[PDB]
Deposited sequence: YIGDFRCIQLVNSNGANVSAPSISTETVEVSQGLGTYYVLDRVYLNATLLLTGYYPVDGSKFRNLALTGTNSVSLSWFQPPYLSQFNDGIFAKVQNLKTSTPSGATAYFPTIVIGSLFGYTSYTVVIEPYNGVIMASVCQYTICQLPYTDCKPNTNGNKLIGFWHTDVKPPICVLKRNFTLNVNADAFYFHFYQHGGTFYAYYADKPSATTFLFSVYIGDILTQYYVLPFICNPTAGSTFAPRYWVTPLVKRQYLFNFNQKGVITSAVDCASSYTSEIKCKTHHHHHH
């Protein structure tokens, strides 16, 4: 589940199998020639599924990833505030180590890097609502506010087909790029980290889409490769 804390969560669990991720269509980072992306977005209405929270979904971080993620703004219900799945980069996911969190809310990309107590079954809702229960937790619980080294909001292009992220790390420094079109790239943020990130995860996005609606979260990611000359 990598993630040690047992969160108290508003979601059912089942032991169903899950189809393998479905395939696409000096120092330099790129994706390979005829590379093939895999969709890691998972979705439920009601329950999460325990097999969601292990490999191949929990994936090796290596030399980074290039990702493109559908904007589900328009297929979410009325009050919804998260328009696409949150991703989580880190190592052991414990209070002993830094985890990058990139989570949209409304018009913003909430970026943060902290020592999070991440859940066993971390997830995200398109329209999260707790009937005033502070004990409840979705993807983390921290009774103490954790040491962060970056908590910064960035602006999201609310009306835009798909977003394009690049995440890598060199000399301990994580680098984040964003765009809303494939013709451009814009520096998001970068921060130095004491650990080195070895794993990543796209949290299951659960949502009650309204009417006869194809709720198709997609989070396609290919890896990056390193090369020094």
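In sequence order, the deposited residues that have no C-alpha coordinates form the ranges 26 to 50, 255 to 288.
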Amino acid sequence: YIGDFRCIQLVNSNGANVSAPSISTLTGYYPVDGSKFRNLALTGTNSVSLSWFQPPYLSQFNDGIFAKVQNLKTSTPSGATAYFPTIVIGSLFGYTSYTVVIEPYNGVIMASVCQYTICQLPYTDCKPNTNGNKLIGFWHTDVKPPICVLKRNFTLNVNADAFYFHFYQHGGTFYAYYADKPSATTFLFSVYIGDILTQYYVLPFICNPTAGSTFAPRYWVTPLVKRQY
From here on, numbers count along this sequence of modelled residues.
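Note on 71 to 79 vs 106 to 114: mean CA B-factor is higher in 71 to 79.
Of the two segments, 207 to 215 and 12 to 20, the one listed with the higher mean B-factor is 207 to 215 (C-alpha atoms only). Which of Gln120, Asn129, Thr99, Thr86 has the largest Cα B-factor in the deposited entry comes down to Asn129. Residue-level temperature factors show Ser51 in the middle third of its chain, judged at the C-alpha atom. Ranked by C-alpha B-factor against the other modelled residues of its chain, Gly172 falls in the middle third. Sort the modelled residues of the chain by CA B factor and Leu188 lands in the lowest third. Per the deposited record, the Cα B-factor of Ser91 falls in the lowest third when ranked against the other modelled residues of its chain. For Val32, the recorded CA B-factor ranks within the highest third of the chain. Only modelled residues enter the ranking.
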